[PDB]
$ cat final.pdb   # PDB, C-alpha atoms
ATOM      1  CA  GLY A   1       0.000   0.000   0.000  1.00  0.00           C
ATOM      2  CA  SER A   2       1.638   3.183   1.262  1.00  0.00           C
ATOM      3  CA  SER A   3      -0.193   5.011  -1.526  1.00  0.00           C
ATOM      4  CA  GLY A   4      -0.752   8.759  -1.433  1.00  0.00           C
ATOM      5  CA  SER A   5      -2.501  11.460  -3.450  1.00  0.00           C
ATOM      6  CA  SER A   6      -0.386  13.673  -5.708  1.00  0.00           C
ATOM      7  CA  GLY A   7      -1.744  16.687  -3.851  1.00  0.00           C
ATOM      8  CA  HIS A   8      -3.275  20.084  -4.583  1.00  0.00           C
ATOM      9  CA  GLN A   9      -1.993  23.663  -4.682  1.00  0.00           C
ATOM     10  CA  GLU A  10      -3.151  27.196  -5.486  1.00  0.00           C
ATOM     11  CA  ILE A  11      -1.651  29.976  -7.604  1.00  0.00           C
ATOM     12  CA  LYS A  12      -2.060  33.745  -7.301  1.00  0.00           C
ATOM     13  CA  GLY A  13      -4.931  35.314  -9.220  1.00  0.00           C
ATOM     14  CA  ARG A  14      -7.870  36.169  -6.973  1.00  0.00           C
ATOM     15  CA  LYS A  15      -9.653  38.483  -9.409  1.00  0.00           C
ATOM     16  CA  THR A  16     -10.794  36.659 -12.545  1.00  0.00           C
ATOM     17  CA  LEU A  17     -10.454  38.258 -15.980  1.00  0.00           C
ATOM     18  CA  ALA A  18     -13.621  37.771 -18.028  1.00  0.00           C
ATOM     19  CA  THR A  19     -16.766  39.568 -19.191  1.00  0.00           C
ATOM     20  CA  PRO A  20     -19.734  39.869 -16.796  1.00  0.00           C
ATOM     21  CA  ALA A  21     -22.141  37.899 -18.983  1.00  0.00           C
ATOM     22  CA  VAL A  22     -19.588  35.080 -19.050  1.00  0.00           C
ATOM     23  CA  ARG A  23     -18.742  35.229 -15.346  1.00  0.00           C
ATOM     24  CA  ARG A  24     -22.332  34.177 -14.656  1.00  0.00           C
ATOM     25  CA  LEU A  25     -22.441  31.437 -17.294  1.00  0.00           C
ATOM     26  CA  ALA A  26     -20.236  29.619 -14.783  1.00  0.00           C
ATOM     27  CA  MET A  27     -22.064  30.292 -11.515  1.00  0.00           C
ATOM     28  CA  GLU A  28     -25.064  28.809 -13.322  1.00  0.00           C
ATOM     29  CA  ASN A  29     -23.244  25.689 -14.516  1.00  0.00           C
ATOM     30  CA  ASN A  30     -21.317  25.364 -11.252  1.00  0.00           C
ATOM     31  CA  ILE A  31     -18.110  25.929 -13.217  1.00  0.00           C
ATOM     32  CA  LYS A  32     -14.888  26.953 -11.475  1.00  0.00           C
ATOM     33  CA  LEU A  33     -13.836  30.032 -13.444  1.00  0.00           C
ATOM     34  CA  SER A  34     -10.277  29.635 -12.165  1.00  0.00           C
ATOM     35  CA  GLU A  35     -10.328  26.100 -13.565  1.00  0.00           C
ATOM     36  CA  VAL A  36     -11.738  27.368 -16.862  1.00  0.00           C
ATOM     37  CA  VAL A  37      -8.599  27.820 -18.961  1.00  0.00           C
ATOM     38  CA  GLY A  38      -9.126  31.302 -20.364  1.00  0.00           C
ATOM     39  CA  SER A  39      -8.465  31.887 -24.056  1.00  0.00           C
ATOM     40  CA  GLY A  40      -8.307  35.659 -24.413  1.00  0.00           C
ATOM     41  CA  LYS A  41      -4.806  37.086 -24.747  1.00  0.00           C
ATOM     42  CA  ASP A  42      -4.650  38.079 -21.078  1.00  0.00           C
ATOM     43  CA  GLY A  43      -5.959  34.675 -20.039  1.00  0.00           C
ATOM     44  CA  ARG A  44      -9.353  36.349 -20.345  1.00  0.00           C
ATOM     45  CA  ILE A  45     -12.052  33.683 -20.082  1.00  0.00           C
ATOM     46  CA  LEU A  46     -14.539  34.201 -22.913  1.00  0.00           C
ATOM     47  CA  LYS A  47     -18.012  32.715 -23.359  1.00  0.00           C
ATOM     48  CA  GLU A  48     -16.479  30.025 -25.567  1.00  0.00           C
ATOM     49  CA  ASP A  49     -14.266  28.870 -22.696  1.00  0.00           C
ATOM     50  CA  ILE A  50     -17.397  27.965 -20.735  1.00  0.00           C
ATOM     51  CA  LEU A  51     -18.870  25.808 -23.498  1.00  0.00           C
ATOM     52  CA  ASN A  52     -15.409  24.241 -23.714  1.00  0.00           C
ATOM     53  CA  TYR A  53     -15.183  23.624 -19.969  1.00  0.00           C
ATOM     54  CA  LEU A  54     -18.361  21.539 -19.816  1.00  0.00           C
ATOM     55  CA  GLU A  55     -17.420  19.396 -22.814  1.00  0.00           C
ATOM     56  CA  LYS A  56     -14.271  18.493 -20.878  1.00  0.00           C
ATOM     57  CA  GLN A  57     -15.857  18.239 -17.430  1.00  0.00           C
ATOM     58  CA  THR A  58     -18.517  15.855 -18.738  1.00  0.00           C
ATOM     59  CA  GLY A  59     -15.924  13.450 -20.103  1.00  0.00           C
ATOM     60  CA  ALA A  60     -13.714  13.387 -17.018  1.00  0.00           C
ATOM     61  CA  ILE A  61     -12.002  10.381 -15.436  1.00  0.00           C
ATOM     62  CA  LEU A  62     -13.986   8.938 -12.530  1.00  0.00           C
ATOM     63  CA  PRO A  63     -14.327   5.488 -10.908  1.00  0.00           C
ATOM     64  CA  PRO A  64     -17.449   3.281 -11.022  1.00  0.00           C
ATOM     65  CA  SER A  65     -18.249   3.612  -7.318  1.00  0.00           C
ATOM     66  CA  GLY A  66     -21.366   1.618  -8.145  1.00  0.00           C
ATOM     67  CA  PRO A  67     -23.491   0.391 -11.073  1.00  0.00           C
ATOM     68  CA  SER A  68     -24.051   3.943 -12.313  1.00  0.00           C
ATOM     69  CA  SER A  69     -22.154   4.706 -15.519  1.00  0.00           C
ATOM     70  CA  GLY A  70     -21.893   7.929 -17.499  1.00  0.00           C
TER      71      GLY A  70
END
$ encode --input "final.pdb" --output "structure tokens"
Amino acid sequence: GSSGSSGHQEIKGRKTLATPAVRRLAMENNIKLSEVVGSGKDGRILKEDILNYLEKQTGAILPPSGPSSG
């Protein structure tokens, strides 16, 4: 055994750079802006980023933890 989890860390960047209409698109889809890899030059997260975050979040890697499968 003696198995451990890689771990988790945080990087500066409290204030997010993205339009207001887009900032909400996340709060509605429970999307972590910070996680949403912005596209705009200045890492500005555009509306497209959101639609691109779900397509990736939906097909994530997760265990069976039961009969359920999706």
$ residues_near_point --input "final.pdb" --point "(-18.9, 32.0, -16.9)" --cutoff "10 Å" --atoms "all atoms listed in the file" --output "ChimeraX atom specification"
/A:18-33,36,45-51,53
$ atom_distance --input "final.pdb" --atom1 "atom CA of residue A:3" --atom2 "atom CA of residue A:70"
27.1 Å
$ atom_distance --input "final.pdb" --atom1 "atom CA of residue A:55" --atom2 "atom CA of residue A:38"
14.7 Å
$ atom_distance --input "final.pdb" --atom1 "atom CA of residue A:39" --atom2 "atom CA of residue A:9"
22.0 Å
$ axis_aligned_box --input "final.pdb" --around "stretch 26-43 of chain A" --padding-each-side "6 Å" --output "AutoDock Vina command-line options"
--center_x -14.9 --center_y 31.7 --center_z -18.0 --size_x 32.4 --size_y 24.7 --size_z 25.5
